[PDB]
Amino acid sequence: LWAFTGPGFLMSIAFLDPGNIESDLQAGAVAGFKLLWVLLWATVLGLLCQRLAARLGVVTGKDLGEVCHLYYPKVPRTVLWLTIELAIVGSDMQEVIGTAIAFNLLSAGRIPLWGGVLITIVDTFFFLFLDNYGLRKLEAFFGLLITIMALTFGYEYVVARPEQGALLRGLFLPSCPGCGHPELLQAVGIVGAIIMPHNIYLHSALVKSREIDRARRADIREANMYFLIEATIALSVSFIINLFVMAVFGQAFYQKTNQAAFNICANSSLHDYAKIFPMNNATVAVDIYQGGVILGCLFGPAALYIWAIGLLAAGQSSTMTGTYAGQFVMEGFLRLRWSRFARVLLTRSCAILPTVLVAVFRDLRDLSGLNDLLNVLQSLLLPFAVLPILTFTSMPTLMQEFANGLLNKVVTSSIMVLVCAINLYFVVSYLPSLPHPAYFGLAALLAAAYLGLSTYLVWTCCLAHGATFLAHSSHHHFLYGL
Ligand SMILES: [Mn+2]
């Protein structure tokens, strides 16, 4: 019967991390049905990236990790693995921040911000205690949880009655009406959170698991096509869900004042989450807790709880996704297979200490600013995963027949230059807030190292495709290949 009735949705329900909810709600509060075009373009852009990743994993037979280990010296291998691990621990930081904010939400502030931290450590204990074939059952249960929250949440979206013309125009037309610095920050966070560096690696690794006959190129072609349909189904589902979430939050939060929210929640059933808001009539600083509060205010008392459990399930799925990706990237780059327990413990700890410090000495708004900064960090770390994949899918020696057509190379050059332009704009927008002489120091040195690794990657990819009539004799193994 249907050979696609079930496959495809699984990858999406793992593409929908809590970050695509938090950055979503920040963008929806900062602007209405405006940044949706950024969402659509990012979804298409990640569709292209996942197509490239599946291509590489299918035809080559290796993953990004194995090819990177094979085709790099020790220093760039190590620094690239460090950046990938930084991306994974940043995703885990976003997950723990979301879970902690949700847990602070549940008890009406009785549990402290590090109470959520302790429950995440309990979750890691649960993972290590299970570590069995029944883990897939728990993953299915949590996937059903996020699925049901998404379904009831789409019901709430259609209840919200979004103005059709406004969000249709915002989606199909890329205008930026009255945009400024915070909306720039939210757009960059969206483009860096909808798609993430470690998804490409993990997708390639999972693609490698599929056995390929290799006798004829036909089986490779059909496998690549089927995986492309899988990826496009997942991306379309993710984009639809994020469109629903962005539209509803922008409808409920665009030109919303503290007095307005207090007045609506004073008229509703809910009370403690009615009195949370202050009385200032100014613009509202918006985080996950207030988003859940207004959700429960408008769409019913159970909305708070369902949003909370959905966020928790998304965080758990993202945690499993991250530990899988981390195990694969270490096994590839550094050629060591650690148990899943080692990965989850390492990533969870390396995420938990900074979040513990910030939560214990700062407030909720600082947490939201911090995890927005993690989304932007994922944006800045995108190139370190988007150049190697193009380098290895355009390389004539691992794959001869299924190389890259000139249209694909030029559009990938466009992706790289565009992402570089957005990152450069963000850096020039954010750096001026360092008003101390000689303070540039370590941060500037790290930025210089970032640019040096970027230049190294640019040189490598230029060797991969071009280098004709202009190349250096040293490090000539790239063009010939191994
Ligand atoms: Mn995402």
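Under the deposited numbering, the first residue of the sequence shown is numbered 58, with each subsequent residue one higher.
For each residue, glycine too, the CB sits at the ideal point set by N, CA and C.
With distances taken between CA atoms, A110 lies nearest to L444 out of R394, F183, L444. For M68, the shortest C-beta to heavy atom distance toward ligand 1 is 7 Å or greater. Distances from the alpha-carbon of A371 to those of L201, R273, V485 put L201 closest.
Only residues of its own chain outside the window of five on either side were considered, and among them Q83, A84, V87 have a CB closer than 6 Å to the CB of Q243, listed in chain order. In terms of Cα proximity to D276, the closest of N161, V116, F186 is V116.
Within 10 angstroms of the beta-carbon of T62 lie fewer than 16 other beta-carbons, which makes it exposed. Selection around ligand 1 by beta-carbon proximity, strictly under 6 Å to any non-hydrogen atom, yields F72, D74, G76, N77, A250, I251, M253 in chain order. For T340, DSSP records a beta bridge to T314.
With a contact defined as Cβ atoms closer than 8 Å, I247 and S80 qualify at about 6 Å. Taking C-alpha positions only, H328 is separated from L424 by approximately 25 Å. Note on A416: 16 or more other CB atoms within 10 angstroms of its CB, so buried under the neighbour-count rule. In the structure shown, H493 adopts coil according to DSSP, grouped into three states. Pairing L361 with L352 gives a Cβ-Cβ distance under 8 Å. Distances from the CA of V101 to each of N428, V484, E196, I290 were compared; the closest alpha carbon is that of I290. In terms of Cβ geometry, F319 and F334 form a close pair [threshold 8 Å]. Beta-carbon to beta-carbon, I298 and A207 are separated by about 6 Å, close enough to satisfy the 8 Å threshold. Of the candidates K194, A382, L292, the residue whose Cα lies closest to the Cα of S261 is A382. DSSP places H255 inside the alpha helix (DSSP H), whose first and last residues are 254–265. For a cut-off of 8 Å, the C-beta gap from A288 to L104 is around 6 Å, short enough to register as a contact. For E458, the secondary structure class from DSSP, reduced to helix, strand or coil, is coil.
In this structure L421 is buried. Its beta-carbon is surrounded by 16 or more other beta-carbon atoms within 10 angstroms.
Looking from the CA of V95, the closest CA among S486, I479, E279, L502 belongs to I479.
Short of 8 Å from the beta carbon of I257, and not among the five residues preceding or following it, lie these beta carbons of its own chain, in chain order: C106, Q107, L109, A110, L121, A442, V443, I446. For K119, there is no enclosing alpha helix (DSSP H), since its DSSP letter is neither H nor E. For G349, the three-state secondary structure derived from DSSP is helix. The DSSP assignment places complete alpha helix (DSSP H) segments of no fewer than 4 residues inside the stretch 195–282 at 221–229, 238–251, 254–265, in order along the chain. Cβ-Cβ distances below 7 Å link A304 to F90, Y214, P219, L224 in the same chain, with the five nearest sequence neighbours on each side left out; the list follows chain order. Taking C-beta atoms as the reference points, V174 and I472 fail to come closer than 8 Å. Looking at the backbone, the Cα of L536 and that of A250 are separated by about 34 Å.
For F66, the uninterrupted alpha helix (DSSP H) run begins and ends at 66–72, by DSSP. The stretch 128–138 and the stretch 385–397 touch, with three or more beta-carbon pairs separated by less than 8 Å. Look at the beta carbons and you see the stretch 453–469 not touching the stretch 155–175: under three pairs across the two are nearer than 8 Å. Within the same chain, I70 come within 8 Å of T204 by CB-CB distance, once the 5 residues on both sides are set aside.
In this structure, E240 is the residue among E240, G118, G227 with its C-alpha nearest to the C-alpha of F483. Counting along the chain, no alpha helix (DSSP H) covers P335, and no H or E run does either.
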